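data_32.pdb follows (PDB, C-alpha atoms (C1' of nucleotides)):
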ATOM      1  CA  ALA A   1      -3.136 -15.907  53.388
ATOM      2  CA  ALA A   2      -5.880 -13.891  51.698
ATOM      3  CA  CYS A   3      -6.191 -11.740  54.836
ATOM      4  CA  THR A   4      -2.529 -10.688  54.566
ATOM      5  CA  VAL A   5      -3.376  -8.305  51.708
ATOM      6  CA  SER A   6      -5.325  -6.188  54.207
ATOM      7  CA  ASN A   7      -2.059  -5.614  56.071
ATOM      8  CA  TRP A   8      -0.271  -5.161  52.738
ATOM      9  CA  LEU A   9      -2.721  -2.475  51.601
ATOM     10  CA  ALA A  10      -2.218  -0.692  54.932
ATOM     11  CA  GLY A  11       1.444  -0.222  54.042
ATOM     12  CA  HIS A  12       3.751  -2.006  56.478
ATOM     13  CA  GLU A  13       5.408  -5.394  57.067
ATOM     14  CA  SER A  14       4.247  -7.863  54.342
ATOM     15  CA  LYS A  15       7.583  -9.565  53.735
ATOM     16  CA  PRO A  16       6.440 -11.606  50.665
ATOM     17  CA  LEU A  17       5.313  -8.338  49.069
ATOM     18  CA  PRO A  18       7.349  -5.467  47.589
ATOM     19  CA  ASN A  19       5.899  -2.784  49.956
ATOM     20  CA  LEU A  20       5.107  -0.278  47.204
ATOM     21  CA  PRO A  21       3.409   3.045  48.019
ATOM     22  CA  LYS A  22      -0.265   2.541  48.802
ATOM     23  CA  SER A  23      -1.410   4.237  45.581
ATOM     24  CA  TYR A  24       0.656   1.819  43.506
ATOM     25  CA  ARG A  25      -0.555  -1.067  45.682
ATOM     26  CA  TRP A  26      -4.123  -0.121  44.765
ATOM     27  CA  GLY A  27      -3.210   0.188  41.089
ATOM     28  CA  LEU A  28      -1.547  -3.225  41.261
ATOM     29  CA  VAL A  29      -4.691  -4.856  42.636
ATOM     30  CA  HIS A  30      -6.601  -2.912  39.961
ATOM     31  CA  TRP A  31      -4.503  -4.750  37.399
ATOM     32  CA  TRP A  32      -4.924  -8.039  39.289
ATOM     33  CA  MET A  33      -8.738  -8.182  39.156
ATOM     34  CA  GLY A  34      -8.792  -8.455  35.355
ATOM     35  CA  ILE A  35      -5.979 -11.017  35.267
ATOM     36  CA  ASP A  36      -9.521 -10.764  44.950
ATOM     37  CA  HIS A  37      -8.826 -14.300  46.182
ATOM     38  CA  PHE A  38      -5.913 -16.279  47.630
ATOM     39  CA  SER A  39      -4.201 -16.553  44.224
ATOM     40  CA  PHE A  40      -2.817 -13.033  44.742
ATOM     41  CA  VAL A  41      -0.203 -13.792  47.393
ATOM     42  CA  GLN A  42       1.741 -16.678  45.870
ATOM     43  CA  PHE A  43       1.844 -14.993  42.457
ATOM     44  CA  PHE A  44       4.356 -12.558  43.965
ATOM     45  CA  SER A  45       6.023 -15.489  45.691
ATOM     46  CA  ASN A  46       8.637 -16.687  43.191
ATOM     47  CA  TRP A  47       7.526 -13.578  41.293
ATOM     48  CA  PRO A  48      10.145 -13.419  38.479
ATOM     49  CA  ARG A  49       9.575 -17.007  37.344
ATOM     50  CA  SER A  50       5.805 -16.651  37.782
ATOM     51  CA  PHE A  51       5.520 -13.454  35.730
ATOM     52  CA  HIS A  52       7.884 -14.745  33.061
ATOM     53  CA  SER A  53       5.841 -17.960  32.878
ATOM     54  CA  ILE A  54       2.512 -16.191  32.384
ATOM     55  CA  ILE A  55       4.165 -14.045  29.708
ATOM     56  CA  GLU A  56       5.460 -17.266  28.118
ATOM     57  CA  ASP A  57       2.001 -18.820  28.046
ATOM     58  CA  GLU A  58       0.314 -15.703  26.642
ATOM     59  CA  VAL A  59       2.959 -15.151  23.949
ATOM     60  CA  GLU A  60       2.888 -18.846  23.021
ATOM     61  CA  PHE A  61      -0.907 -18.849  22.771
ATOM     62  CA  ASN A  62      -0.898 -15.741  20.579
ATOM     63  CA  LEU A  63       1.887 -17.072  18.341
ATOM     64  CA  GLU A  64       0.679 -20.666  17.934
ATOM     65  CA  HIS A  65      -2.954 -19.607  17.445
ATOM     66  CA  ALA A  66      -1.960 -16.608  15.312
ATOM     67  CA  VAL A  67      -4.435 -15.859  12.537
ATOM     68  CA  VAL A  68      -2.831 -13.098  10.437
ATOM     69  CA  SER A  69       0.539 -14.633   9.473
ATOM     70  CA  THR A  70       3.855 -15.760  10.928
ATOM     71  CA  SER A  71       5.343 -12.372   9.983
ATOM     72  CA  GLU A  72       3.776  -8.920   9.537
ATOM     73  CA  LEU A  73       1.950  -9.433  12.855
ATOM     74  CA  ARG A  74       0.718  -6.512  14.954
ATOM     75  CA  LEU A  75       1.371  -5.680  18.594
ATOM     76  CA  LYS A  76      -2.248  -6.173  19.664
ATOM     77  CA  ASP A  77      -2.328  -9.608  18.024
ATOM     78  CA  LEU A  78       0.773 -10.801  19.909
ATOM     79  CA  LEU A  79       1.308  -8.607  22.998
ATOM     80  CA  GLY A  80      -1.396  -5.896  22.916
ATOM     81  CA  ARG A  81      -3.431  -6.948  25.957
ATOM     82  CA  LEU A  82      -0.618  -7.362  28.505
ATOM     83  CA  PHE A  83       1.341  -4.357  27.222
ATOM     84  CA  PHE A  84      -1.259  -1.706  26.331
ATOM     85  CA  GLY A  85      -3.023  -2.598  29.579
ATOM     86  CA  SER A  86      -0.292  -2.443  32.221
ATOM     87  CA  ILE A  87       1.308   0.625  30.580
ATOM     88  CA  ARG A  88      -1.234   3.306  31.480
ATOM     89  CA  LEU A  89      -0.887   3.013  35.243
ATOM     90  CA  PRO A  90      -0.601   5.843  37.816
ATOM     91  CA  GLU A  91       2.569   7.949  37.432
ATOM     92  CA  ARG A  92       4.180   5.280  35.147
ATOM     93  CA  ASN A  93       7.311   5.187  37.363
ATOM     94  CA  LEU A  94       9.294   2.185  36.136
ATOM     95  CA  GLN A  95      10.691   1.185  39.537
ATOM     96  CA  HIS A  96       7.376   1.505  41.360
ATOM     97  CA  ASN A  97       5.440  -0.059  38.466
ATOM     98  CA  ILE A  98       7.044  -3.452  39.024
ATOM     99  CA  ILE A  99       4.862  -5.050  36.341
ATOM    100  CA  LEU A 100       5.979  -2.585  33.666
ATOM    101  CA  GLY A 101       9.590  -2.867  34.807
ATOM    102  CA  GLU A 102       9.595  -6.640  34.424
ATOM    103  CA  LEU A 103       7.643  -6.457  31.157
ATOM    104  CA  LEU A 104      10.213  -4.077  29.664
ATOM    105  CA  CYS A 105      13.040  -6.261  30.992
ATOM    106  CA  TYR A 106      11.586  -9.342  29.301
ATOM    107  CA  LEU A 107      10.810  -7.483  26.071
ATOM    108  CA  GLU A 108      14.294  -5.985  25.776
ATOM    109  CA  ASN A 109      16.056  -9.230  26.706
ATOM    110  CA  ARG A 110      14.031 -11.135  24.083
ATOM    111  CA  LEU A 111      14.353  -8.551  21.307
ATOM    112  CA  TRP A 112      15.849  -9.906  18.052
ATOM    113  CA  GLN A 113      15.486 -13.543  19.116
ATOM    114  CA  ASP A 114      14.584 -16.161  16.487
ATOM    115  CA  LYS A 115      14.219 -13.976  13.344
ATOM    116  CA  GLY A 116      13.592 -10.806  15.343
ATOM    117  CA  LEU A 117       9.843 -11.415  15.358
ATOM    118  CA  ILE A 118       9.354  -9.070  18.323
ATOM    119  CA  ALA A 119      11.737  -6.480  16.847
ATOM    120  CA  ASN A 120       9.839  -6.202  13.542
ATOM    121  CA  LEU A 121       6.215  -5.995  14.708
ATOM    122  CA  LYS A 122       4.257  -3.390  12.761
ATOM    123  CA  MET A 123       2.857  -0.607  14.942
ATOM    124  CA  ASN A 124       0.519   2.295  14.233
ATOM    125  CA  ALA A 125       1.173   5.923  15.123
ATOM    126  CA  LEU A 126      -1.413   5.971  17.938
ATOM    127  CA  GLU A 127       0.154   3.311  20.172
ATOM    128  CA  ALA A 128       3.568   4.871  19.559
ATOM    129  CA  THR A 129       2.311   8.049  21.230
ATOM    130  CA  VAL A 130       0.779   5.973  24.035
ATOM    131  CA  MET A 131       4.061   4.207  24.814
ATOM    132  CA  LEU A 132       6.255   7.284  24.237
ATOM    133  CA  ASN A 133       4.205   9.957  26.079
ATOM    134  CA  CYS A 134       4.386  12.237  23.054
ATOM    135  CA  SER A 135       2.143  14.540  21.039
ATOM    136  CA  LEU A 136       0.837  13.827  17.549
ATOM    137  CA  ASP A 137       2.374  17.079  16.301
ATOM    138  CA  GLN A 138       5.709  16.092  17.847
ATOM    139  CA  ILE A 139       5.481  12.667  16.178
ATOM    140  CA  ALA A 140       4.891  14.424  12.859
ATOM    141  CA  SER A 141       7.913  16.609  13.626
ATOM    142  CA  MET A 142      10.243  13.666  14.218
ATOM    143  CA  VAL A 143       8.991  11.733  11.187
ATOM    144  CA  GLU A 144       9.584  14.900   9.152
ATOM    145  CA  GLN A 145      13.113  14.957  10.604
ATOM    146  CA  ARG A 146      13.317  11.234   9.660
ATOM    147  CA  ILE A 147      13.969  10.185  13.253
ATOM    148  CA  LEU A 148      11.063   7.826  12.537
ATOM    149  CA  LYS A 149      11.356   5.968   9.238
ATOM    150  CA  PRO A 150       8.121   4.513   7.816
ATOM    151  CA  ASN A 151       8.247   1.241   5.916
ATOM    152  CA  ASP A 152      -0.555   9.183   7.749
ATOM    153  CA  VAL A 153      -2.336  10.039  10.996
ATOM    154  CA  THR A 154      -3.257   6.390  11.706
ATOM    155  CA  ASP A 155      -1.207   3.841   9.767
ATOM    156  CA  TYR A 156       0.949   0.824  10.648
ATOM    157  CA  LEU A 157       4.234   2.331   9.474
ATOM    158  CA  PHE A 158       6.585   1.864  12.451
ATOM    159  CA  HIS A 159       8.296  -1.102  14.087
ATOM    160  CA  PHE A 160       8.394  -2.148  17.726
ATOM    161  CA  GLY A 161      12.181  -2.389  17.892
ATOM    162  CA  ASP A 162      12.660   1.037  16.327
ATOM    163  CA  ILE A 163      10.093   2.636  18.642
ATOM    164  CA  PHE A 164      11.550   0.942  21.732
ATOM    165  CA  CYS A 165      15.052   2.102  20.848
ATOM    166  CA  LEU A 166      13.765   5.620  20.180
ATOM    167  CA  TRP A 167      12.266   5.575  23.669
ATOM    168  CA  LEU A 168      15.597   4.432  25.101
ATOM    169  CA  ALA A 169      17.440   7.169  23.195
ATOM    170  CA  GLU A 170      15.181  10.236  23.433
ATOM    171  CA  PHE A 171      12.260   9.609  25.821
ATOM    172  CA  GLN A 172      13.875   8.630  29.121
ATOM    173  CA  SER A 173      12.681  10.674  32.097
ATOM    174  CA  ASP A 174      13.696  11.141  35.724
ATOM    175  CA  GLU A 175      11.216   8.463  36.834
ATOM    176  CA  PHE A 176      10.600   6.700  33.494
ATOM    177  CA  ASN A 177      14.227   5.603  33.471
ATOM    178  CA  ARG A 178      15.897   2.357  32.426
ATOM    179  CA  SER A 179      18.357   2.318  35.332
ATOM    180  CA  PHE A 180      15.489   2.074  37.844
ATOM    181  CA  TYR A 181      14.446  -1.365  36.541
ATOM    182  CA  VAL A 182      17.583  -3.193  35.329
TER     183      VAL A 182
ATOM    184  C1'   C B   1     -60.241  35.288 -20.750
ATOM    185  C1'   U B   2     -56.160  35.237 -27.132
ATOM    186  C1'   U B   3     -58.628  40.608 -34.834
ATOM    187  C1'   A B   4     -62.627  35.606 -29.495
ATOM    188  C1'   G B   5     -66.260  31.914 -31.421
ATOM    189  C1'   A B   6     -65.416  27.832 -37.366
ATOM    190  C1'   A B   7     -63.203  25.772 -41.493
ATOM    191  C1'   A B   8     -59.965  19.006 -45.976
ATOM    192  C1'   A B   9     -57.169  22.916 -52.483
ATOM    193  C1'   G B  10     -57.099  18.596 -54.945
ATOM    194  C1'   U B  11     -57.149  15.535 -59.636
ATOM    195  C1'   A B  12     -52.914  14.213 -65.125
ATOM    196  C1'   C B  13     -47.474  15.146 -66.840
ATOM    197  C1'   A B  14     -40.657  12.160 -71.137
ATOM    198  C1'   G B  15     -36.353  17.847 -71.232
ATOM    199  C1'   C B  16     -34.112  15.685 -75.444
ATOM    200  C1'   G B  17     -30.253  15.766 -79.377
ATOM    201  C1'   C B  18     -23.717  16.738 -80.728
ATOM    202  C1'   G B  19     -18.710  17.801 -79.034
ATOM    203  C1'   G B  20     -10.076  17.206 -78.755
ATOM    204  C1'   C B  21      -7.683  22.348 -73.602
ATOM    205  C1'   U B  22      -3.195  22.573 -76.096
ATOM    206  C1'   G B  23       2.079  24.519 -76.667
ATOM    207  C1'   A B  24       7.503  25.583 -72.793
ATOM    208  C1'   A B  25      10.338  25.219 -68.375
ATOM    209  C1'   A B  26      17.077  24.377 -63.433
ATOM    210  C1'   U B  27      14.540  26.118 -57.279
ATOM    211  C1'   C B  28      19.885  27.669 -56.289
ATOM    212  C1'   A B  29      24.022  28.639 -52.493
ATOM    213  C1'   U B  30      26.058  28.214 -45.973
ATOM    214  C1'   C B  31      25.038  25.457 -40.799
ATOM    215  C1'   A B  32      28.404  22.208 -33.581
ATOM    216  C1'   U B  33      22.527  20.380 -29.604
ATOM    217  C1'   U B  34      25.472  20.696 -25.627
ATOM    218  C1'   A B  35      26.270  20.356 -20.244
ATOM    219  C1'   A B  36      24.484  16.284 -14.891
ATOM    220  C1'   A B  37      22.412  11.879 -12.606
ATOM    221  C1'   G B  38      21.864   4.578  -7.322
ATOM    222  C1'   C B  39      15.274   2.699  -8.816
ATOM    223  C1'   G B  40      15.856  -0.410  -3.753
ATOM    224  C1'   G B  41      14.879  -8.482  -1.900
ATOM    225  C1'   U B  42      18.072  -7.666   5.380
ATOM    226  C1'   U B  43      15.008 -13.577   6.387
ATOM    227  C1'   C B  44      11.752 -15.783   2.766
ATOM    228  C1'   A B  45      11.899 -21.459  -2.260
ATOM    229  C1'   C B  46      16.037 -25.466   2.217
ATOM    230  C1'   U B  47      18.002 -30.552   2.548
ATOM    231  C1'   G B  48      17.777 -35.407   1.363
ATOM    232  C1'   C B  49      15.796 -40.044  -2.308
ATOM    233  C1'   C B  50      15.053 -42.657  -7.170
ATOM    234  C1'   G B  51      16.549 -42.574 -12.180
ATOM    235  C1'   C B  52      22.251 -43.020 -16.903
ATOM    236  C1'   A B  53      19.616 -38.487 -17.964
ATOM    237  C1'   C B  54      21.083 -30.331 -18.657
ATOM    238  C1'   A B  55      14.452 -36.271 -18.877
ATOM    239  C1'   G B  56      10.943 -36.961 -15.250
ATOM    240  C1'   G B  57       9.157 -38.582 -10.509
ATOM    241  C1'   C B  58       9.559 -39.068  -4.455
ATOM    242  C1'   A B  59       9.397 -37.396   0.533
ATOM    243  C1'   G B  60      10.906 -33.874   5.570
TER     244        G B  60
END

When written as structure tokens, how does the structure in this file appear?
Amino acid sequence: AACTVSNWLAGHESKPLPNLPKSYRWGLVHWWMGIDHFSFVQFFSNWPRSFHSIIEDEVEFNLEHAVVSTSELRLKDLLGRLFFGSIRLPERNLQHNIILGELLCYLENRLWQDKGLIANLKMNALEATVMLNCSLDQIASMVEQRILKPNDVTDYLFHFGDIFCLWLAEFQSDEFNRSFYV
RNA sequence: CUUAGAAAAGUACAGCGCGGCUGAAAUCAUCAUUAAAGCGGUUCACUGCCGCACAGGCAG
């Protein structure tokens, strides 16, 4: 079924595929090379379980083989690759970016589990701007207003749960919207 | 390119004898330091066993 992707990239039919716009299709395969053969088609077959399972295996590898500590971990150590990678994709539309939609679904639905290990990850100011689509001066403005509460230009002073909730509260857009992915 | 050119002041030495600063005194009255204040563990060192132990040892 490796030849089916040629029809899929053309932009019609392709029932086992989500028929995204051709630009996003290309971006999706751009993601896929890093993580061109027949393995592409059946990954999207039984897609929710498959994606959740690969996220399970990556998170379990990073947690079990963690080197820093059980707590005080950083995003890159635990989720950096999968997150920081898939995020910067064309347009960033949540609905069209199926990978980011499902990643945010999983992250939000597993926030505060166990001892809130995912909701207390230390994050630096740079990745906060990357995942919020915000300026450094604006970040300084909000931290001056105490919208952001540190626990510096580049320091690990924020938390993943706080930043995610700030995105949900103040950084939702017409196309970067939660309702398009729930 | 120096009032340029050059130059050994060195040998000895006993300051010694004696001494009463003494008389007198009052420092001395009064006094309001007062007002106002978060230093903050979110989990983290738990639960069993032995021994008589406010003794001391076991494990997960």

Q: Apply the PyMOL selection byres ((chain B) within 12 of (chain A)) to the structure shown and report the selected residues as a PyMOL selection string.
A: chain B and resi 42-44

Store the residues picked out above, limited to C-alpha atoms (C1' of nucleotides), as a PDB file, in the frame of the given file.
ATOM      1  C1'   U B  42      18.072  -7.666   5.380  1.00  0.00           C
ATOM      2  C1'   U B  43      15.008 -13.577   6.387  1.00  0.00           C
ATOM      3  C1'   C B  44      11.752 -15.783   2.766  1.00  0.00           C
TER       4        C B  44
END

Q: Please evaluate the PyMOL selection byres ((chain A and resi 95) around 10) against the displayed coordinates and give the resulting residues as an MDAnalysis selection string.
A: chainID A and resid 20 92:94 96:102 175:182

Q: Give as a list in words the set of residues within 12 Å of the point (9.2, -8.4, 28.2), where distances use the file's coordinates and only C-alpha atoms (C1' of nucleotides).
A: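 Using only C-alpha atoms (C1' of nucleotides), the matching residues come out as residues 48, 51, 52, 53, 54, 55, 56, 58, 59, 79, 82, 83, 86, 99, 100, 101, 102, 103, 104, 105, 106, 107, 108, 109, 110, 111, 118, 119 and 164 of chain A.
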
Q.
Given all atoms listed in the file as the basis, pick out the residue of A:28, A:169, A:117, A:87 nearest to residue 129 (chain A).
A. A:87

Q: Can you work out the spacing between CA of residue 11 (chain A) and CA of residue 91 (chain A) in Å, to one decimal?
A: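 Here the two named atoms are 18.5 Å from each other.
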
Q.
If I take CA of residue 47 (chain A) and CA of residue 35 (chain A), how far is one from the other in Å, to one decimal?
A. 15.0 Å

Q: State, in Å with one decimal place, the distance from CA of residue 126 (chain A) to CA of residue 152 (chain A).
A: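 Between these atoms lies a distance of 10.7 Å.
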
(Q) Since I can't run it myself right now, could you work out what the PyMOL selection byres ((chain A and resi 125) around 7) selects here and report it as a ChimeraX atom specification? (A) /A:123-124,126-129,153-156

Q.
Using all atoms listed in the file and a cutoff of 12 Å, can you tell me which residues are near (12.7, 8.5, 23.2) in the file's coordinates, and write them out as a ChimeraX atom specification?
A. /A:128-129,131-134,138-139,142,147-148,162-173,176-178

Q) Looking at all atoms listed in the file, which of A:114, A:72, A:36, A:13 is the one that sits closest to residue 158 (chain A)? A) A:72

Provide an axis-aligned box for all listed atoms of region 147-156 of chain A, padding each side by 5 Å; report its centre and its edge lengths in Å to one decimal, as lines of an AutoDock Vina configuration file.
center_x = 5.4
center_y = 5.5
center_z = 9.6
size_x = 27.2
size_y = 19.4
size_z = 17.3
